[PDB]
>>> print(open('my_file_12.cif').read())   # mmCIF, C-alpha atoms and all ligand atoms
data_entry
loop_
_atom_site.label_atom_id
_atom_site.label_comp_id
_atom_site.auth_asym_id
_atom_site.auth_seq_id
_atom_site.Cartn_x
_atom_site.Cartn_y
_atom_site.Cartn_z
CA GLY I 1 -4.11 5.52 28.52
CA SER I 2 -2.48 6.00 25.12
CA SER I 3 -3.31 7.73 21.84
CA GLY I 4 -2.72 5.08 19.20
CA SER I 5 -3.41 1.45 20.08
CA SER I 6 -1.96 0.16 16.81
CA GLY I 7 1.82 -0.04 16.59
CA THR I 8 2.53 1.16 13.06
CA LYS I 9 0.82 3.92 11.08
CA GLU I 10 1.47 6.46 13.83
CA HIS I 11 2.03 9.36 11.44
CA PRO I 12 0.54 12.80 12.23
CA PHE I 13 -0.79 12.89 8.66
CA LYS I 14 -3.39 10.44 7.35
CA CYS I 15 -5.24 10.73 4.04
CA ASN I 16 -9.02 10.65 4.39
CA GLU I 17 -9.63 10.02 0.69
CA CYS I 18 -7.99 6.59 0.73
CA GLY I 19 -6.57 6.09 4.21
CA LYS I 20 -2.83 6.47 3.67
CA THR I 21 -0.34 7.97 6.12
CA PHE I 22 2.74 10.18 5.75
CA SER I 23 5.32 11.31 8.31
CA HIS I 24 5.43 14.83 6.86
CA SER I 25 2.54 16.90 5.49
CA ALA I 26 4.30 17.87 2.26
CA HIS I 27 3.95 14.19 1.38
CA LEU I 28 0.23 14.00 2.15
CA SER I 29 -0.73 17.28 0.48
CA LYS I 30 1.15 16.09 -2.61
CA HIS I 31 -0.42 12.63 -2.47
CA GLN I 32 -3.78 14.40 -2.32
CA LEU I 33 -3.39 15.95 -5.78
CA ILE I 34 -3.70 12.38 -7.05
CA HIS I 35 -7.27 12.15 -5.76
CA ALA I 36 -8.20 15.37 -7.56
CA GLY I 37 -7.92 13.77 -10.99
CA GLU I 38 -4.28 14.39 -11.88
CA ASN I 39 -3.73 11.74 -14.55
CA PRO I 40 -5.28 10.34 -17.76
CA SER I 41 -7.61 7.41 -17.05
CA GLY I 42 -7.57 4.18 -19.02
CA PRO I 43 -7.96 0.69 -17.52
CA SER I 44 -10.24 2.21 -14.89
CA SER I 45 -13.82 0.93 -14.77
CA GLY I 46 -16.58 2.02 -12.42
ZN ZN Q 101 -5.10 9.29 -0.50
#
>>> encode(input="my_file_12.cif", output="structure tokens")
Amino acid sequence: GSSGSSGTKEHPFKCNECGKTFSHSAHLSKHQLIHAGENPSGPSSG
């Protein structure tokens, strides 16, 4: 058949923390640092 029913979001890199997608890894890896607390909280509320 085919690997990827959906049309868009066909990037080889997909974040598992949120569910994002990046064409290149460098982008993902970098976008991952955001999940590892890399900014001062504020308006956040759990
Ligand atoms: Zn993410």
>>> atom_distance(input="my_file_12.cif", atom1="atom ZN of ligand ZN 101 (chain Q)", atom2="atom CA of residue I:19")
5.9 Å
>>> closest_atom_pairs(input="my_file_12.cif", of="chain I", to="ligand ZN 101 (chain Q)", cutoff="8 Å", atoms="only C-alpha atoms and all ligand atoms", output="CSV")
residue,atom,partner,partner_atom,distance
I:15,CA,Q:ZN101,ZN,4.8
I:16,CA,Q:ZN101,ZN,6.4
I:17,CA,Q:ZN101,ZN,4.7
I:18,CA,Q:ZN101,ZN,4.1
I:19,CA,Q:ZN101,ZN,5.9
I:20,CA,Q:ZN101,ZN,5.5
I:28,CA,Q:ZN101,ZN,7.6
I:31,CA,Q:ZN101,ZN,6.1
I:32,CA,Q:ZN101,ZN,5.6
I:34,CA,Q:ZN101,ZN,7.4
I:35,CA,Q:ZN101,ZN,6.4
>>> residues_around(input="my_file_12.cif", residues="residue I:25", least_positions_apart="4", cutoff="9 Å", atoms="all atoms listed in the file", output="list in words")
residues 12, 13, 14, 29 and 30 of chain I
>>> write_last_selection(input="my_file_12.cif", atoms="C-alpha atoms", output="CSV table (one decimal), keeping the file's coordinate frame")
chain,number,residue,atom,x,y,z
I,12,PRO,CA,0.5,12.8,12.2
I,13,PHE,CA,-0.8,12.9,8.7
I,14,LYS,CA,-3.4,10.4,7.4
I,29,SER,CA,-0.7,17.3,0.5
I,30,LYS,CA,1.2,16.1,-2.6
>>> atom_distance(input="my_file_12.cif", atom1="atom CA of residue I:11", atom2="atom CA of residue I:24")
7.9 Å
>>> closest_residue(input="my_file_12.cif", among="I:26, I:21, I:46, I:41", to="residue I:9", atoms="all atoms listed in the file")
I:21
>>> atom_distance(input="my_file_12.cif", atom1="atom CA of residue I:27", atom2="atom CA of residue I:44")
24.7 Å
>>> axis_aligned_box(input="my_file_12.cif", around="stretch 15-25 of chain I", padding_each_side="4 Å", output="lines of an AutoDock Vina configuration file")
center_x = -2.1
center_y = 11.5
center_z = 4.5
size_x = 23.1
size_y = 18.8
size_z = 15.6
